[PDB]
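**Q** I'd like to ask you about the structure that follows.
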Amino acid sequence: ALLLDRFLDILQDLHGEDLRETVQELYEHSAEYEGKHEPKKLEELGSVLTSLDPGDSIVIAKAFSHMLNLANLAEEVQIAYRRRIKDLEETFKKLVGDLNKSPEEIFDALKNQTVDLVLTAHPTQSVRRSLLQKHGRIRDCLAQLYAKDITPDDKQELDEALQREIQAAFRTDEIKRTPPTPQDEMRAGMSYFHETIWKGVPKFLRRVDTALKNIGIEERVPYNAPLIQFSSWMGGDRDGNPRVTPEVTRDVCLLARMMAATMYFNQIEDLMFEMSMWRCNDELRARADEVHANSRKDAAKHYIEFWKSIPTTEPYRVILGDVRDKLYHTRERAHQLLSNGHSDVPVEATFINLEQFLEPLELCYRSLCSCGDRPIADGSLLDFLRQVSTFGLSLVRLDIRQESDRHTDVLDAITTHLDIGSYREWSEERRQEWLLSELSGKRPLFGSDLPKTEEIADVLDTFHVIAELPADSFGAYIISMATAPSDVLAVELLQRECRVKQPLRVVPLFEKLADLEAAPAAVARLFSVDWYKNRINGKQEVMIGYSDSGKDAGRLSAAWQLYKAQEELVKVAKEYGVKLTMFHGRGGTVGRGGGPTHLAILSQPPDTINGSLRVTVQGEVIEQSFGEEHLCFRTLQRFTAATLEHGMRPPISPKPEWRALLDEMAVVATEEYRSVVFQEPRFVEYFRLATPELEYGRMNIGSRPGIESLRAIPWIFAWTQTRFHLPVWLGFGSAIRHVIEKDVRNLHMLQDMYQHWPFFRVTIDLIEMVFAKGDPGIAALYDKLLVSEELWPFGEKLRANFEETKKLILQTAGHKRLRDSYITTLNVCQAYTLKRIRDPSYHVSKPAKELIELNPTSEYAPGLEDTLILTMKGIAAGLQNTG
Amino acid sequence: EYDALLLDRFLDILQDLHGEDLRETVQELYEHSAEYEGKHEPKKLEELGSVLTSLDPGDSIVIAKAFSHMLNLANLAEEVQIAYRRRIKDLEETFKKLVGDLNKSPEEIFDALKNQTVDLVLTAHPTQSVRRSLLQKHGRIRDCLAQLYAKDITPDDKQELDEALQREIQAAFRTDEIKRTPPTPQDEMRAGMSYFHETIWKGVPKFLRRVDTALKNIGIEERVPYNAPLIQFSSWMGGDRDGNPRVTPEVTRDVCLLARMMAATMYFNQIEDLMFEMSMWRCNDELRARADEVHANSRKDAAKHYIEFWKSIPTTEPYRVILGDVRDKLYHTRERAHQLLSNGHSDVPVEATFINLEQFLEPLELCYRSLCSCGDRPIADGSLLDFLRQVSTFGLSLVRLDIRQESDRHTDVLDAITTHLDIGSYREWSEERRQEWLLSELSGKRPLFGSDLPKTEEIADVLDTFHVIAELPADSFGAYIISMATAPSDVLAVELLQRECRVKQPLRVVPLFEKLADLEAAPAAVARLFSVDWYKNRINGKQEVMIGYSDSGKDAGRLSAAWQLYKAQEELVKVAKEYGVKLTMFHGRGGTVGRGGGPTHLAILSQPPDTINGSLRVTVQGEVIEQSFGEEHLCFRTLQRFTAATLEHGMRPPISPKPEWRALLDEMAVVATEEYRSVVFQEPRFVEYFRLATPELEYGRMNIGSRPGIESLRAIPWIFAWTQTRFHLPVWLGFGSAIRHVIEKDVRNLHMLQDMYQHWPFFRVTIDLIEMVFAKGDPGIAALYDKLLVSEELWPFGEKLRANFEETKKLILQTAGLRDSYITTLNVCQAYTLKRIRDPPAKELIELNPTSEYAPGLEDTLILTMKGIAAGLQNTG
């Protein structure tokens, strides 16, 4: 309520009483709809929207969008405060009490536990960063306000500050007028490091240490223990995105490296200031004397502090002073290498190794601990240690992704130019034999004179860029649409042949349901190749996509097949004695495998993680989980706690009756899904009309330029905007009804399954949440306003199934806020605006001094396109999910 | 409750580092010291000393360390308790009182506030006892303590803050507290400037915002102009070369390029974030046209040297265009200063940087006009306003540097010049000749000396400093202060030497009158200077003159010095008013009351009325820098008290002394000076007794500063000697005979003293300060030092003083109507240690001093005692 009157006061101070009154009326009508649920109100509301001027409608959509965002920040502040006035400690206590597990078991499993969070630039972040920062300032002011230690004048100053920050957010054009470059996406992603993650990681480790001491473990978490890691796809994932050129990958690698160098350099001078002790071992004494021998008695005027040669009285300052020299030259080199194509800085003057950096700091730690100064060592020096051993010389290791067909094109050009055949036409067997003979052979393959296409040269040049850059700046090479060992061996061959000194691991991505059903067989065949099993060194990573699985088949069928896939992949890896780490391509929306993280981890089959996890963070989720101190801490918290329990507390393994039951149920679910999304021939026609899917690309979120043949992100987006959520719940109705029809005691067995099998419980509960965010009257309005009089009953069929499915869900679970008002308003505005857009009549270097002049190149009516983009932004904000 | 918590914490760490035995000995010392500070039985003092004699050399070092660090913790405790007790309820009070009491209107307060300036100048005077490496640790400790003294602690946060405070105390105790080599002037300037890029830089905008809030609480919706110079910062670090030959010209170059590079770095770190904020699209036709101009010459390039915004910024967000140009010029200013400092030259084009103080300001001012015009005034009064005030307050070089030099050096230079020109000897010339010659050369157009002038190392020192001033930007400098200035010829000499060394923009010259003889005759000299029409016509109606406080109370009494200072200020204002010159007076105040220290608002109120008038300039002596800018709250309270006191002294004039009070204080001053010089100069054995009863000689062992007959000593160790022994002789000496003689001459003069203390602010402040100094004193300490270090012979001498002490104290009150335990322990340790002083890698404390002429553990223990006592009294010198 406070955010409303504040906002409306600013809106009145910027646009007059009349417009604020119109917004107020819209809120009242929307309130009567979300209250009495009379559909008449919707039309009663729509009328008020038709009269609105072209500029005024833009102001209205702006207003309800910004109020939605303010509601989000309010929610975060209230959650943080209500939580603070009162998990890791709880998880430890439960693991000790419930499962009789000892503290040293928790500590040992915790040391050998790894959580690899990889950030992606998938176009799901609706709000632009220019406005996101303002959101951060607003939640900062609100956090300082929701408190009871305000000193009057401080409250007044924070009031003026919050007012000017809201006014600043409203005075920015929220619409990206040009799509970002991949470099811009990488910048937006990495901004969360030098603001939250960089300082958040040491604090999190310290909290884990405190809990461990609350279990009786005086020992501390080893600094080199990889409890959490950060990887990135920004600038590396080039699947379907030709804008990710090789030069882009070079750009993001040199970029991240220069950011890291800058951070370390800013930290090191203060660290030198603190380490003012004089007691050290004989070891550190000898090393510091070594540095003081080649001390370079010079002016050293390029530094501000400590420009005089550091005396041996304070040896830690000697050693860390050398660390500072190598950090200054590492930063200077990375800066020149980035800006210009070259550097005169000697490589020996920098840090080239991941732990050439660590060695001196490790030595200082050993010294402090040996001389009795361990408390001092477990302070800034330990924080710095963990920062190094977590972020390294380049904050994130970069992943590369590419579809198999491009590798096949390359190899085909290679075999054709070598006059040995055509790799494409070759069977799988031939590919394996040839690739193996070339991998074990010593003769070069292609040459400088290979006829290459722009695509072929793209992939080859990416491998050359990988070869030219340091090895610790890269992660894994992920193959999209991977089906056979020949694709992996193809990437290994292309890597070695492009002279990649230290080749990075190859990892398959199984995302389509057909690939997940047959994935364990393929991975087993890959492990059958002795050369590959002997190079892989007992470690293998495989990616498991979630977006496209629930797109071609049902959501239920996709979830179940994902579970089976994980289980049998672990079975294969155990059969070959290989440590398997699985890479979960989870989204933000439940339709693409999203949901609460700990529920997603618990819903994984037991003994499939084993202290090694890898999860994607799709663009928008980055802000959701790292935009504030508290959010980031809750992130590392939820991940490590859920993983640790799933390691020591295995989820129940499904009873065989549950196996057969979910197999049949999955068959019925897939038939029910493809029945309405593929068998119905008019379905695509109805979809392109009842949802705002086509307009998604207008938001310019990402850098990426048949319903089966579309991306999963706008697929979930379309049914999310209309608040119908078809892909989330479709198959479940017919699945359940067929299971109770076949047998009546299967109702007792469904009740049995919901209360003991975590996978089933999590799935059903997610569906119930999605129903809590849905309203069929909205989709009904979109149909009535945009779907032709013809196939009106079609949607009604769906609407029937909608309610039909929901009644079943609660029947298994045993079951019988205010922001939805704004969401409804924006829904109506979107429907009417779409009706005016798909009309012929409203189809068409100066400055701009009003909203209508912000879109000069709009094919649609002056004020319409901006209003549409505003509606999509606002609805996505209210639902806290884009796609 | 706070001090006990710091104690048990510290003793727990000390036991964890050196065993139960040593902690028990510390406890015993605390108990004995408690019985002395309670019952005041002098026997206890000797009872304490015995326990100290048995102490091993290393054990004794650990003991002195222990009580010193406990004192420091007591200081931090005091600061946190003060901040919290103040926060859980001044500018608002000052405004409300100015409106209610004096009927003054808000717009008068706003106008006077706009035209008010307070110039705080930081000095590297060697009064900062604690080394910087340890001061930082103190900052971390007070941070932990502040976060602890609160009731919103989340259990695990309290435990982690416990670990942090424990490891930080252990870190401070594990550092060698003794500076083993004195710093360089550059190091002094660095220690001084560290308070900028940590507290002042972000403290100034917040302070201005608070002033805006108060003004709106008086009804003034208008805001303080961003270019209104309410506060400024100057520096002596690297410029004051009086008696310090280590301050070379290359040092001045170093500190100027240094400070400039610091400023550039700070602005560059701010500008990228400011660009992120200014995302509006509405602007005037003005900012539209300018942004289009920049976007024309936008340099469509990769621009990969920046991290953010490396693509050419589109005109849709014009503020980002303009601020982007600001960022380019800031990057090249920083690169230029960095190369100029590092090597000594730069390939960076000057046109690519900001060379003017307000070439920087112009684009930001444009952004402000735009935001205000388009209805976005709240947005402009945010980070952009903070940035504006930061620029218009700190400029391109955080502080304008003062240069100070004694007149005799300028005279040496001129004498070489006249001798080489075969026109006479400038030294032997009378004042008249100096004035006529200097004036003829100043108004002439012919060069003076040439390349072939025979110079001494001193002559080349001053001339080369002027050449360095010429080579460097003009806005990096402040004023040229002349020590021991007596005639206009001393000022004109510096004006001529400046012009002749091709100083394009010559800086203002300001005399420094510090000795009592110079203060008595200062108005006559300044009037003679204003009588010279050429100088009055170049000075442009503005003149600054410095008034030192250290040496005044050293040769004469403290009372006589204070009164003569008041008279001096008053008659200087009379002279300047008589010549239509705006006089701004430069107060060389110390930290200790003996050198003109004390509470700041009391020092400002105790100035004669109509002597500031919206223009004030006060020094901040080294130790006072940490005292007044070491934390956010400290810095804020500093700017608060300064601006509030000055504003009140402008609108609320202090009472002018009645004539009876003038004659009375003149007589009283005669008696006071006779009383002072009677015991500090007439007694020939006084120097002998002083060099034994005080640890004065050992002061230089602390290595605080870079500077290599009692009439002939520095005032700083003079106040230090009597402050350590807690006797405070220079503070109260003359007052006794003065008062007693005034009541002797007339009995109703008692009623007139009673009358004076309750109405005249100067007198009230003086007496109250003396009472504080008495509250920090104990004659039993001086008695112990005499008994232990003064020969059996002249023992009664000190007793005579011990008499006057109590007598004077009884007079003072008659007109006016916990840490000491540790301090006492350190006192006993210091006296006994001195008695042992007059008698004939490193892996433990004793090996920290390998080049000590004294016994292995003794010198370190002495330095530790001085440090600790100074910390406990919160004053060194």
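Identifiers in this document derive from the order of the structure tokens: chains are assigned A, B, ..., residues are numbered from 1 separately in each chain, and ligands are numbered from 1 in order of occurrence.
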I'd like to know which residues of region 102-196 of chain A are strand (DSSP E) (by DSSP, run on the backbone); could you write them as a count of residues only?

**A** 7

**Q** Which polymer residues have any atom within 9 Å of an atom of residue 588 (chain A), counting only C-alpha atoms, with same-chain residues fewer than 6 positions away left out, as a PyMOL selection string?

**A** chain A and resi 124+594-595+617-621+881-883

**Q** Return as a PyMOL selection string the residues belonging to chain B that are within 7 Å of chain A, counting only C-alpha atoms.

**A** chain B and resi 133+156+167-168+171+174-175+213+276+279-282+304-305+338+341-342+378-379+843

**Q** Would you save the residues from that selection as a PDB file, in the first residue's frame, using N, CA and C atoms?

**A**
ATOM      1  N   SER B 133      49.948   1.645  10.062  1.00  0.00           N
ATOM      2  CA  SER B 133      49.709   0.205  10.004  1.00  0.00           C
ATOM      3  C   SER B 133      48.838  -0.265  11.160  1.00  0.00           C
ATOM      4  N   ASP B 156      24.576 -16.054  14.843  1.00  0.00           N
ATOM      5  CA  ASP B 156      25.783 -16.400  14.099  1.00  0.00           C
ATOM      6  C   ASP B 156      26.565 -15.161  13.678  1.00  0.00           C
ATOM      7  N   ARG B 167      40.430 -11.744  16.147  1.00  0.00           N
ATOM      8  CA  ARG B 167      41.559 -11.828  15.230  1.00  0.00           C
ATOM      9  C   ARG B 167      42.134 -10.455  14.919  1.00  0.00           C
ATOM     10  N   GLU B 168      41.325  -9.400  15.024  1.00  0.00           N
ATOM     11  CA  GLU B 168      41.843  -8.071  14.730  1.00  0.00           C
ATOM     12  C   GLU B 168      42.625  -7.504  15.909  1.00  0.00           C
ATOM     13  N   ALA B 171      45.759  -9.277  15.739  1.00  0.00           N
ATOM     14  CA  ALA B 171      46.570  -8.736  14.655  1.00  0.00           C
ATOM     15  C   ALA B 171      47.256  -7.440  15.069  1.00  0.00           C
ATOM     16  N   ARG B 174      50.094  -8.244  17.410  1.00  0.00           N
ATOM     17  CA  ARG B 174      51.161  -8.976  16.743  1.00  0.00           C
ATOM     18  C   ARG B 174      51.956  -8.107  15.775  1.00  0.00           C
ATOM     19  N   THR B 175      51.690  -6.806  15.747  1.00  0.00           N
ATOM     20  CA  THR B 175      52.436  -5.860  14.932  1.00  0.00           C
ATOM     21  C   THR B 175      53.390  -5.072  15.819  1.00  0.00           C
ATOM     22  N   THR B 213      18.659  19.328   4.374  1.00  0.00           N
ATOM     23  CA  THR B 213      17.514  18.889   5.164  1.00  0.00           C
ATOM     24  C   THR B 213      17.182  19.894   6.264  1.00  0.00           C
ATOM     25  N   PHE B 276      25.626   5.008 -15.635  1.00  0.00           N
ATOM     26  CA  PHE B 276      24.564   4.013 -15.539  1.00  0.00           C
ATOM     27  C   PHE B 276      23.265   4.633 -15.041  1.00  0.00           C
ATOM     28  N   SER B 279      19.832   7.712 -17.284  1.00  0.00           N
ATOM     29  CA  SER B 279      19.261   7.052 -18.449  1.00  0.00           C
ATOM     30  C   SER B 279      18.027   7.765 -18.989  1.00  0.00           C
ATOM     31  N   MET B 280      17.845   9.038 -18.654  1.00  0.00           N
ATOM     32  CA  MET B 280      16.698   9.768 -19.165  1.00  0.00           C
ATOM     33  C   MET B 280      16.873  10.084 -20.648  1.00  0.00           C
ATOM     34  N   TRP B 281      15.755  10.436 -21.282  1.00  0.00           N
ATOM     35  CA  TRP B 281      15.721  10.829 -22.682  1.00  0.00           C
ATOM     36  C   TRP B 281      15.204  12.243 -22.908  1.00  0.00           C
ATOM     37  N   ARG B 282      14.655  12.896 -21.884  1.00  0.00           N
ATOM     38  CA  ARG B 282      14.229  14.284 -21.989  1.00  0.00           C
ATOM     39  C   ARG B 282      15.382  15.212 -21.630  1.00  0.00           C
ATOM     40  N   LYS B 304      37.835  -0.447 -26.675  1.00  0.00           N
ATOM     41  CA  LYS B 304      37.894  -1.631 -25.826  1.00  0.00           C
ATOM     42  C   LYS B 304      38.714  -1.441 -24.555  1.00  0.00           C
ATOM     43  N   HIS B 305      39.240  -0.244 -24.290  1.00  0.00           N
ATOM     44  CA  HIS B 305      39.967  -0.036 -23.044  1.00  0.00           C
ATOM     45  C   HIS B 305      39.042   0.131 -21.844  1.00  0.00           C
ATOM     46  N   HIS B 338      49.168   9.775 -14.127  1.00  0.00           N
ATOM     47  CA  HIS B 338      49.893   8.546 -13.819  1.00  0.00           C
ATOM     48  C   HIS B 338      51.232   8.497 -14.546  1.00  0.00           C
ATOM     49  N   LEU B 341      53.612  11.243 -13.100  1.00  0.00           N
ATOM     50  CA  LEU B 341      54.176  10.818 -11.823  1.00  0.00           C
ATOM     51  C   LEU B 341      55.202   9.711 -12.023  1.00  0.00           C
ATOM     52  N   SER B 342      54.816   8.655 -12.743  1.00  0.00           N
ATOM     53  CA  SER B 342      55.645   7.461 -12.864  1.00  0.00           C
ATOM     54  C   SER B 342      56.991   7.760 -13.520  1.00  0.00           C
ATOM     55  N   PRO B 378      14.237  16.329  -8.760  1.00  0.00           N
ATOM     56  CA  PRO B 378      14.629  15.313  -7.769  1.00  0.00           C
ATOM     57  C   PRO B 378      15.781  14.439  -8.234  1.00  0.00           C
ATOM     58  N   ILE B 379      15.779  14.033  -9.507  1.00  0.00           N
ATOM     59  CA  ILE B 379      16.860  13.204 -10.036  1.00  0.00           C
ATOM     60  C   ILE B 379      18.189  13.951  -9.986  1.00  0.00           C
ATOM     61  N   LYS B 843      62.741 -13.363  16.355  1.00  0.00           N
ATOM     62  CA  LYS B 843      61.695 -14.309  16.730  1.00  0.00           C
ATOM     63  C   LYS B 843      61.208 -14.084  18.159  1.00  0.00           C
TER      64      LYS B 843
END

**Q** Which residues come within 12 Å of residue 287 (chain A), counting only C-alpha atoms, excluding same-chain residues fewer than 3 positions away, as an NGL selection string?

**A** :A and (280-284 or 290-294 or 312 or 315-320 or 322 or 359-360 or 363-364 or 367)

**Q** Write to file, as a PDB file, in the first residue's frame, the residues of the selection just made, with C-alpha atoms.

**A**
ATOM      1  CA  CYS A 280      57.183 -16.123  10.301  1.00  0.00           C
ATOM      2  CA  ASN A 281      58.657 -19.570   9.732  1.00  0.00           C
ATOM      3  CA  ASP A 282      62.131 -20.256   8.449  1.00  0.00           C
ATOM      4  CA  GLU A 283      60.383 -20.991   5.135  1.00  0.00           C
ATOM      5  CA  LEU A 284      58.642 -17.637   4.687  1.00  0.00           C
ATOM      6  CA  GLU A 290      64.755 -14.069  -1.758  1.00  0.00           C
ATOM      7  CA  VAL A 291      62.320 -11.375  -2.897  1.00  0.00           C
ATOM      8  CA  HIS A 292      64.230  -8.721  -0.934  1.00  0.00           C
ATOM      9  CA  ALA A 293      67.434  -9.733  -2.745  1.00  0.00           C
ATOM     10  CA  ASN A 294      65.959  -8.890  -6.167  1.00  0.00           C
ATOM     11  CA  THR A 312      62.213  -7.324   5.572  1.00  0.00           C
ATOM     12  CA  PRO A 315      57.928 -10.229   5.621  1.00  0.00           C
ATOM     13  CA  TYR A 316      54.281 -10.792   4.694  1.00  0.00           C
ATOM     14  CA  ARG A 317      54.375  -7.352   3.077  1.00  0.00           C
ATOM     15  CA  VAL A 318      57.447  -8.436   1.096  1.00  0.00           C
ATOM     16  CA  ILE A 319      55.775 -11.544  -0.319  1.00  0.00           C
ATOM     17  CA  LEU A 320      52.403  -9.882  -0.902  1.00  0.00           C
ATOM     18  CA  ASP A 322      55.646  -9.369  -5.057  1.00  0.00           C
ATOM     19  CA  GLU A 359      51.463 -20.376  -3.878  1.00  0.00           C
ATOM     20  CA  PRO A 360      52.522 -17.129  -2.102  1.00  0.00           C
ATOM     21  CA  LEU A 363      52.694 -19.717   2.110  1.00  0.00           C
ATOM     22  CA  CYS A 364      51.452 -16.715   4.090  1.00  0.00           C
ATOM     23  CA  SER A 367      53.244 -19.005   8.162  1.00  0.00           C
TER      24      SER A 367
END

**Q** When distances are computed from only C-alpha atoms, which of B:438, B:258, B:74, B:247 shows the smallest separation from residue 461 (chain B)?

**A**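 The answer is B:247, which sits nearest to residue 461 (chain B).
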
**Q** Could you give me, as number ranges by chain, the residues within 9 Å of region 452-455 of chain A, counting only C-alpha atoms and dropping anything in the same chain fewer than 6 positions from it?

**A** A: 242, 406, 409-410, 413

**Q** Write the selection just made, keeping N, CA and C atoms, as a PDB file, in the first residue's frame?

**A**
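For reference, part-v1.pdb as written:
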ATOM      1  N   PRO A 242      24.298 -17.188 -34.871  1.00  0.00           N
ATOM      2  CA  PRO A 242      25.490 -16.818 -35.650  1.00  0.00           C
ATOM      3  C   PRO A 242      26.152 -15.533 -35.186  1.00  0.00           C
ATOM      4  N   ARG A 406      26.859 -29.100 -37.628  1.00  0.00           N
ATOM      5  CA  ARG A 406      27.936 -28.229 -38.088  1.00  0.00           C
ATOM      6  C   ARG A 406      29.268 -28.970 -38.094  1.00  0.00           C
ATOM      7  N   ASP A 409      29.210 -31.159 -41.082  1.00  0.00           N
ATOM      8  CA  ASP A 409      29.530 -30.394 -42.286  1.00  0.00           C
ATOM      9  C   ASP A 409      31.038 -30.225 -42.439  1.00  0.00           C
ATOM     10  N   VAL A 410      31.719 -29.851 -41.347  1.00  0.00           N
ATOM     11  CA  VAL A 410      33.173 -29.684 -41.390  1.00  0.00           C
ATOM     12  C   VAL A 410      33.846 -30.978 -41.824  1.00  0.00           C
ATOM     13  N   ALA A 413      33.406 -31.758 -45.477  1.00  0.00           N
ATOM     14  CA  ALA A 413      34.337 -31.011 -46.314  1.00  0.00           C
ATOM     15  C   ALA A 413      35.737 -31.610 -46.239  1.00  0.00           C
TER      16      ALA A 413
END

**Q** Find the residues near region 669-674 of chain B: any atom within 10 Å, counting only C-alpha atoms, skip ones fewer than 4 places away on the same chain, and give them as a ChimeraX atom specification.

**A** /B:553,555-564,663-665,678-679,682,732-742

**Q** Quick one: pull the distance between CA of residue 402 (chain B) and CA of residue 477 (chain B), Å, one decimal.

**A**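 CA of residue 477 (chain B) lies at a distance of 6.0 Å from CA of residue 402 (chain B).
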
**Q** Can you measure CA of residue 197 (chain A) to CA of residue 226 (chain A) for me? One decimal in Å is fine.

**A**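 Interatomic distance here is 15.2 Å.
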
**Q** Write out as a PyMOL selection string the set of residues from region 585-745 of chain B that DSSP, computed on the backbone, places in helix (DSSP H, G or I).

**A** chain B and resi 593-595+600-605+622-629+632-651+659-682+686-693+696-702+715-724+729-732+735-745

**Q** Write the residues you've just listed into a file as a short mmCIF file (atom, residue, chain, number, x, y, z; two decimals), in the first residue's frame, and include C-alpha atoms for each of them.

**A**
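Final output, saved to result-v4.cif:
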data_model
loop_
_atom_site.label_atom_id
_atom_site.label_comp_id
_atom_site.auth_asym_id
_atom_site.auth_seq_id
_atom_site.Cartn_x
_atom_site.Cartn_y
_atom_site.Cartn_z
CA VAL B 593 45.39 23.35 24.71
CA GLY B 594 49.02 24.36 25.26
CA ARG B 595 49.31 24.93 21.51
CA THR B 600 36.61 23.52 18.15
CA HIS B 601 33.37 25.42 18.77
CA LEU B 602 34.84 26.90 21.96
CA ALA B 603 37.90 28.06 20.01
CA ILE B 604 35.67 29.68 17.38
CA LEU B 605 33.36 31.34 19.92
CA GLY B 622 48.35 15.42 12.38
CA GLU B 623 46.83 13.63 15.37
CA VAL B 624 43.69 15.78 15.13
CA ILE B 625 43.26 14.42 11.59
CA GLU B 626 42.49 10.96 12.97
CA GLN B 627 40.64 12.57 15.88
CA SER B 628 38.23 14.40 13.54
CA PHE B 629 38.10 12.31 10.34
CA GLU B 632 32.01 8.63 9.29
CA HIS B 633 30.52 9.95 12.53
CA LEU B 634 33.76 11.74 13.46
CA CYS B 635 34.06 13.46 10.07
CA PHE B 636 30.40 14.50 10.16
CA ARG B 637 30.70 15.90 13.68
CA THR B 638 33.78 17.83 12.51
CA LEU B 639 32.19 19.60 9.55
CA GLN B 640 29.05 20.05 11.66
CA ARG B 641 30.76 21.78 14.59
CA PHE B 642 32.93 23.94 12.32
CA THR B 643 30.16 25.30 10.09
CA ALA B 644 27.67 25.70 12.95
CA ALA B 645 30.16 27.53 15.18
CA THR B 646 31.26 29.83 12.34
CA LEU B 647 27.67 30.61 11.33
CA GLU B 648 26.71 31.47 14.91
CA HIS B 649 29.83 33.60 15.42
CA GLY B 650 28.70 35.43 12.28
CA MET B 651 25.07 36.05 13.25
CA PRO B 659 36.99 48.76 29.32
CA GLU B 660 37.50 47.67 32.94
CA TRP B 661 37.99 44.15 31.59
CA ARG B 662 40.56 45.42 29.08
CA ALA B 663 42.70 47.22 31.66
CA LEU B 664 42.21 44.33 34.09
CA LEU B 665 43.42 41.72 31.62
CA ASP B 666 46.36 43.94 30.64
CA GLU B 667 47.60 44.20 34.24
CA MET B 668 46.76 40.53 34.78
CA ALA B 669 48.80 39.69 31.67
CA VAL B 670 51.81 41.64 32.98
CA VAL B 671 51.70 39.69 36.24
CA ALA B 672 51.16 36.43 34.33
CA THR B 673 54.18 36.87 32.05
CA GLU B 674 56.39 37.87 34.98
CA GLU B 675 55.16 34.79 36.86
CA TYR B 676 55.89 32.55 33.86
CA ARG B 677 59.35 33.79 32.89
CA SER B 678 60.18 33.86 36.61
CA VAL B 679 60.23 30.06 36.79
CA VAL B 680 60.95 29.04 33.17
CA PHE B 681 63.72 31.52 32.30
CA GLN B 682 64.98 33.40 35.37
CA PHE B 686 65.34 25.22 35.53
CA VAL B 687 66.62 23.65 32.30
CA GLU B 688 68.62 21.17 34.40
CA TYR B 689 65.51 20.17 36.35
CA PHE B 690 63.39 20.02 33.18
CA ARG B 691 65.72 17.66 31.29
CA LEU B 692 65.44 15.25 34.27
CA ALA B 693 61.86 15.46 35.58
CA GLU B 696 61.26 15.48 26.84
CA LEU B 697 64.63 14.44 25.41
CA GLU B 698 63.26 11.03 24.39
CA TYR B 699 60.45 12.46 22.22
CA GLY B 700 62.42 12.15 18.98
CA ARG B 701 62.65 8.40 19.59
CA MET B 702 59.05 7.94 18.42
CA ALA B 715 56.61 23.90 21.23
CA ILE B 716 55.33 20.38 20.44
CA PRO B 717 57.76 18.45 22.71
CA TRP B 718 57.48 21.31 25.21
CA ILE B 719 53.78 20.56 25.69
CA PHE B 720 54.56 16.83 25.34
CA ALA B 721 56.98 16.82 28.28
CA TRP B 722 54.54 18.31 30.79
CA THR B 723 51.61 16.38 29.31
CA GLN B 724 53.23 12.95 29.77
CA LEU B 729 53.10 23.30 33.65
CA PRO B 730 52.79 25.50 30.49
CA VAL B 731 48.98 25.45 30.69
CA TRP B 732 48.34 26.92 34.16
CA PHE B 735 47.34 32.21 36.08
CA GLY B 736 48.11 31.98 39.81
CA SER B 737 50.11 35.15 40.41
CA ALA B 738 47.91 36.99 37.91
CA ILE B 739 44.67 36.27 39.78
CA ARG B 740 46.18 36.66 43.25
CA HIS B 741 47.69 40.02 42.27
CA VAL B 742 44.35 41.19 40.90
CA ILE B 743 42.55 40.42 44.16
CA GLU B 744 45.50 41.89 46.08
CA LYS B 745 45.29 45.26 44.32
#

**Q** So that I can see what lies close to region 510-525 of chain B, please list as number ranges by chain the residues with an atom at most 9 Å from it, counting only C-alpha atoms and leaving out residues fewer than 2 positions away in the same chain.

**A** B: 479-488, 490-491, 508, 527-530, 543-556, 560-561, 564-565, 567-569, 571-575, 586, 588
